[PDB]
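The residues making up each chain are set out below.
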Amino acid sequence: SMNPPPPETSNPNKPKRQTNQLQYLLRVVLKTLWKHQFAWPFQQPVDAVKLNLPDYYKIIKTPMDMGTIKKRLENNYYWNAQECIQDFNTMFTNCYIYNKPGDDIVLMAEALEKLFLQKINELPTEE
Ligand SMILES: C[C@H]1C(=O)N(C)C=Cc2cc(OCCCCCOc3ccc4c(c3)C=CN(C)C(=O)[C@@H]4C)ccc21
């Protein structure tokens, strides 16, 4: 019934590094998706209490959102760009699992996902 704590976005024990790929993920990928018209339901953790979804955290065991993804990227929480890419996939996949095809929320996740897959095709080469 209650919401779980938000996903961890900061750990001082984790090593930090900056890469051209992680910078692209926040400056290009995150910035493009955030401003999109369908982004609003994905900009923060699913609030199962305020949205009245009592079974959400019974179906979804790996919650994810762009707010958490952006906080992780600002805190230097990701070491590999693939960790961030998996997080975006998990957010899209959670939406498709909890909801049904043809739903307005699924059509919004599908458009964000198409915008995301185009950006990852142009992900610069490691340095
Ligand atoms: C599980 C959870 C979920 O998976 N996530 C990610 C988060 C939240 C969420 C949000 C959900 O619902 C949001 C509402 C549906 C999206 C907006 O779609 C429409 C459709 C029609 C209109 C408008 C918007 C706009 C203006 N008005 C007033 C209109 O009448 C027009 C015609 C459902 C599920 C989740």
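Residues numbered from 1 in each chain as written, not as in the entry; some residues may be left out. Heavy atoms only, no water.

What the deposited record gives as its method is X-ray crystallography, and the resolution it gives is 2.378 Å.

Here we come to the site of the ligand. By nearness alone, 13 residues border the ligand, and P41, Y98, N99, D104 and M108 come closest of all. At 3.3 Å, a side-chain N or O of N99 approaches an oxygen atom of the ligand. If the ligand stood free it would expose 750 Å²; the protein chains cover 49% of that surface. At the level of elements, α4 (81-98) and α5 (104-121) are the ones that each hand at least two residues to the shell around the ligand. Tallying contributions element by element places α5 first for the shell around the ligand, with 3 residues. When grouped by side-chain class, the residues that make up the shell around the ligand number 11 nonpolar, 1 polar and 1 charged. (Near = heavy atom within 4 Å. Polar contact = N/O pair within 3.5 Å; in protein donor to acceptor, adjacent residues only side chain to side chain. Areas by Shrake-Rupley, 256 points an atom, 1.4 Å probe, with all protein chains shown as cover. Helix = DSSP H or I, 4+ residues; strand = E, 2+ residues; numbered from the N terminus. Nonpolar A, V, L, I, M, F, W, Y, C, P; charged D, E, K, R; others polar.)

Inspection of every chain in the model, using the stated rule, returns 2 salt bridges. One salt bridge in this structure joins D87 and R72, with 2.8 Å as the shortest N-O distance. Here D87 is found in helix α4, whereas its partner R72 is found in helix α3 (residues 66-74), with 15 residues between them in sequence. In this pair, the class of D87 matches that of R72, namely buried. (Salt bridge = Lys/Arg side-chain N within 4 Å of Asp/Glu carboxyl O. Buried < 20%, exposed > 50% of the residue type's maximum accessible area, 1.4 Å probe, protein only.)

The biggest cluster of nonpolar side chains holds 26 residues, and the ones touching the most others in it are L25, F42, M66, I69, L73 and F88. Once you skip the residues sitting within four places of it in the chain, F88 turns out to touch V29, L30, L33, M66, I69 and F116. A48, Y57, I60 and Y98 belong to the second largest nonpolar core, which has 5 residues in total. (Core = buried A, V, L, I, M, F, W, Y, C linked by side-chain atoms within 4.5 Å. Contact = heavy atoms within 4.5 Å.)

Attention now moves to the side chain of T19. Examined against the element boundaries, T19 turns out to sit in the segment before α1 (20-35). Taking the relative accessible area as the measure of exposure, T19 reaches 19% and is therefore buried.

Looking at the element boundaries, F88 is found in helix α4. For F88 and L30, which are 58 residues apart along the polypeptide, the C-alpha to C-alpha distance reads 9.9 Å.

Further remarks concern the layout of surface pockets. Its volume calculated, the largest pocket comes out at about 360 Å³. Together, 18 residues line the largest pocket, and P41, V46, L51, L53 and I105 are the ones closest to its centre. In terms of residue count, α4 provides more of the lining of the largest pocket than any other element does, 4 residues in total. Each residue belonging to the lining of the largest pocket can be placed in one class, and the counts come to 13 nonpolar, 3 polar and 2 charged. Taken as a whole, the second largest pocket holds about 150 Å³ of empty space. Surrounding the second largest pocket, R17, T19, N20, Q21, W79, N80, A81, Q82, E126 and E127 form its lining. For the lining of the second largest pocket, the elements supplying multiple residues, two or more each, are α1 and α4. Across the lining of the second largest pocket, the residue classes break down as 2 nonpolar, 5 polar and 3 charged. (1 Å grid on protein atoms, 1.4 Å probe; cavity = no way out; pocket = protein on both sides within 12 Å on 5 of 7 lines; lining within 4 Å. Points joined across faces, edges and corners; volume = space filled by probe spheres on them.)

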